[PDB]
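Some notes on the structure that comes next.
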Amino acid sequence: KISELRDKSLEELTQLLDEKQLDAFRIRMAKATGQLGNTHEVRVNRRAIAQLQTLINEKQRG
Amino acid sequence: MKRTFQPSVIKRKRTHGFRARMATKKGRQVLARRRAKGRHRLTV
Amino acid sequence: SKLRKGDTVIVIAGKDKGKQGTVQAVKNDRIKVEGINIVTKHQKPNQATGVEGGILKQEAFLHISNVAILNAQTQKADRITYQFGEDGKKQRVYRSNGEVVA
Amino acid sequence: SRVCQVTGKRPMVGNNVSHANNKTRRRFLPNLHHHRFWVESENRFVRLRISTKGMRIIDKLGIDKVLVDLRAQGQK
Amino acid sequence: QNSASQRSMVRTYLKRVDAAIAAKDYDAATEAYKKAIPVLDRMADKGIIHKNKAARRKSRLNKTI
Amino acid sequence: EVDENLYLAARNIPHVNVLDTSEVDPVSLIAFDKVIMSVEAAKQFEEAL
Amino acid sequence: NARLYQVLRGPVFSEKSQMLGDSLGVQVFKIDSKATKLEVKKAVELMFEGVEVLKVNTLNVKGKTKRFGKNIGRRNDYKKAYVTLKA
RNA sequence: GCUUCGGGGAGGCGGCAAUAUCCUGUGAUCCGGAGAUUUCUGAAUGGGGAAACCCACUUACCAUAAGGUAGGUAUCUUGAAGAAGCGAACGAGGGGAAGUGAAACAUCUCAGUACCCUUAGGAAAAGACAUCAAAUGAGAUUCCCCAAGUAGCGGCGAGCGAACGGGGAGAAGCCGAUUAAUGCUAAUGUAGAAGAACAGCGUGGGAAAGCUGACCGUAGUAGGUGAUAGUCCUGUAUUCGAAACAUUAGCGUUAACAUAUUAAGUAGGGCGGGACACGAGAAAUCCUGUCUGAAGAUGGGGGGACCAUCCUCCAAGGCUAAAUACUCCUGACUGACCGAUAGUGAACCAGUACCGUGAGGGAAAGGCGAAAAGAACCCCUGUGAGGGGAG
């Protein structure tokens, strides 16, 4: 997945990151209510947000 | 019996404060001794 | 560490010496082999747990050194060595016959 | 402090010695005095806390020489 | 005893190198010195012989060569 | 003199040890049951002692 | 916009919360400790469409001290808010 | 916990401590190099403060609301760059006790020790003769063994205690023997890889021990494995790898600083002290608080009061590696060192519990079994505790 994240250019990374933030909010709400069946999705989503932030930072730096 | 100890956090903090210890050079030595000993609670 | 999951092994020590079974799993220094070193197990029925419970017969981990890989051709326990090919691919090799298998 | 700028004299330590040869710690203080030295090169009086030996050094070497020495030394 | 034998083996090689120096033949000295080097490096790890001493011997032998 | 090959052969053996004539100890001589020693080494022991 | 998502940690389920929701139609959300009433209002409006907040109330609760085994520990402090909504 | 670069090849998501969802040959977990993120307090440095808190100003941008994003705003020194604070021992310097001994005690000793303060570097200091010697003279400094508990000092009591010189370690003399980077060459370190050889029989819960007979050895007294293994495992001998970064040396180059030209308030002297093994003593030599004060090579210093002769050397400018001192630490190795009242206070969730306002004081506490195989199930009992059966 990291190659897919890397290939895409910065401006769309920002929008993808915002979408990921919304998804994480929804996942937290579903976890709080107990609707969420599987708990791996939240961890993988958090790792994805971290990867996106790192890629944005590298592209901004150079 | 007003016994020896009568707690007041304001006076305790002024007299044994971390900032009060830093203000005087000697008190920094006391804090450094606590750190060297390894005590978890440096100051009240 | 040389031994890996999914290959037949022969145990040369203990009560079950002389019995050959496939290795279910390895952790760090202990190995578990199906049909070898079976130990009686007592399980307390819990309704929260799905498992029924009761007396069960299951494998017990044993030390890796006791078990040895079994060579198919000679049907005897053999030591394992690593041989490096020109291509660079690494494969386990039986010490006795230089056999390519395992 | 009680230190001569020109020559760096400062309090010395020593012993008061009694006739019975009892020793007690004592200090020897420099003969420090406030003096306004006239300087023609700047047409002004400069006030120094100076020792008697310092004033003699002013007399022998010149206020200009001593003043440039102080400025090189630092505080002016 | 074992350490003494380890020490003993080196001295013969160093004596041979000294004889090579006396001969003044480049290759004969070079082969003997290169033969000795690793054994001295190995003994250095054990601590029987000082590392500074080994380095001084190596520098002296290189200068002689 | 002690050659590297003779040293490497000797060291592994349980109770066989090799030492140069100059570096010889009484504890070793007493301890090890039998002693193998050359005539030239013997001459150098005569000169040493 | 990113901060508004983080403001709200989730809902609060309790008998008092259920009674408040039934009686007055007021929701109860866990929030970040540093988040303020204005941020809570903006986050609620953003997260839920068609809801307008009359007023926001925020309070801080210390975590309880719970003993397990040989060690002494305290629960992490949490902040919760009461959000009123249009009827 | 993220990215990247290497190693590795089958398990893994740290421990008590398991469970669940899952990841992993599209190379996971794990190891090594580098990078990114790095809340608040703390030198804390925008102001303040009862540390982990309160309040701000301002530049730019964004929003239209009551805000967000990225910065800047302490003090001092030098003319934008530095410094501040913390942390073992060793070094140098500024101050500097008393218990004690003298069978009392004041000189003296303890001792320039404890302690306080300041400040460096891997060492520091010192270092080239205005030094000794008086021998046929030697030739800086530092450290070790003698000289020697000698010569001396000493209410000549208690005690203190050299030097000349000999033998060694190491050696060096200079006026740029300085600092800090950058760039090449070589080496090292920071993950790793391969790595020999045992079978039968009996006893035994289990074999590594016993009997018999083999094999490897540049690997045979290593740690484990159900009892004691060179040949079961990890290992050992031996040979070895580096994308990346550090460190060491050699070379090249840069920019910061320094670069004396022979030495006057200096040598010497009076008074009062201090250091010299030396306590004013016949007291040489060194330092200076005070007052004084030359010669300046046709001169001056020393050679233990002092004079003469003789010998030696040129103070009032600076620098200089080695041999020497130490261990908060890193790697390897070792021990007629200890083995849970021992060994660090701390083998264990220890500078913890506990004690005190505080400075500060300061514990106790290890072991089932080879493997949980940690006792399903039944019975008495209160669904407790505990136990008897079964296993």
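Every number here is computed from the coordinates shown, using simple stated rules; none is lab data. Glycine gets a Cβ as well: all are built from the backbone with ideal geometry, and neighbour counts include every protein chain shown.
C:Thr8 meets the stated requirement of being more than 6 Å from RNA strand H (Cβ to nearest atom) and within 28 Å of C:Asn97 (Cα to Cα). For segment C:73-92, the tally of residues that are closer than 16 Å to C:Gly6 by Cα and surrounded by 12 or more Cβ atoms within 10 Å (Cβ to Cβ) stands at 2. Applying a threshold of 6 Å to beta carbon distances and a minimum spacing of six or more residues, or different chains, the list of pairs starting in segment E:10-22 at a residue that is away from chain F (no Cβ under 11 Å) and ending at one that is of a type in the set (S, T, N, Q) reads E:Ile21/E:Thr64. The residue that is farthest from the other protein chains (Cβ to nearest Cβ), among those in segment G:5-26 that are touching a strand residue (DSSP E or B) at 6+ places or on another chain (Cβ under 8 Å) and part of a helix (DSSP H, G or I), is G:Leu24. Residues in segment G:50-80 that are among the charged types (D, E, K, R) and more than 15 Å from RNA strand H (Cβ to nearest atom) were compared, and the one that is nearest to G:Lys30 (Cα to Cα) is G:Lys80. Picking from residues in segment D:58-76 that are in a helix (DSSP H, G or I) and over 17 Å from D:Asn43 (Cα atoms), the one that is nearest to the chain's Cα centre (by Cα) is D:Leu70. All conditions but one from (1) at the interface with chain E (Cβ under 7 Å from one of its Cβ atoms); (2) under 18 Å from E:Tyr13 (Cα atoms); (3) not charged (D, E, K, R) apply to F:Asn5; the one that does not is (1).
Filtering B:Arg21, B:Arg3, B:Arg41, B:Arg12 for residues that are more than 6 Å from RNA strand H (Cβ to nearest atom) and touching a residue at least 24 places away in the same chain (Cβ under 8 Å) leaves a single hit, B:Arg12.
Here C:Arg30 meets each of (1) free of Cβ contacts under 8 Å to residues at least 40 places away in the same chain; (2) near RNA strand H (Cβ under 6 Å from one of its atoms); (3) under 26 Å from C:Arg92 (Cα atoms) with one exception, condition (2).
Considering each residue of segment C:39-49 in turn, at least one proves to be among the aliphatic types (A, V, I, L, M) and in contact (Cβ under 8 Å) with a residue 12 or more places away in the chain.
Within segment D:22-32, none of the residues are among the polar types (S, T, N, Q), exposed (fewer than 12 other Cβ atoms within 10 Å of the Cβ) and more than 10 Å from RNA strand H (Cβ to nearest atom). Taking the numbered list (1) within 11 Å of RNA strand H (Cβ to nearest atom); (2) in contact with a helix residue (DSSP H, G or I) (Cβ under 9 Å, 6 or more places away or on another chain); (3) within 20 Å of A:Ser3 (Cα to Cα); (4) among the aliphatic types (A, V, I, L, M) in turn, A:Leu16 passes all entries but (1). Looking only at segment A:41-62, filter to residues that are under 19 Å from G:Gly10 (Cα atoms) and either in contact with a helix residue (DSSP H, G or I) (Cβ under 6 Å, 6 or more places away or on another chain) or away from chain G (no Cβ under 14 Å) (or both); which one of those is farthest from RNA strand H (Cβ to nearest atom)? Once the filter is applied, the top-ranked residue is A:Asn45.
I'd like to check something: does segment E:14-33 contain any residue that is surrounded by 11 or more Cβ atoms within 10 Å (Cβ to Cβ) and within 11 Å of RNA strand H (Cβ to nearest atom)?
Applying the first criterion (surrounded by 11 or more Cβ atoms within 10 Å (Cβ to Cβ)) to segment E:14-33 yields E:14-21, E:25, E:28-33.
Next, from what is left, pick out any that are within 11 Å of RNA strand H (Cβ to nearest atom): none.
Looking through segment E:14-33, none of the residues is surrounded by 11 or more Cβ atoms within 10 Å (Cβ to Cβ) and within 11 Å of RNA strand H (Cβ to nearest atom).
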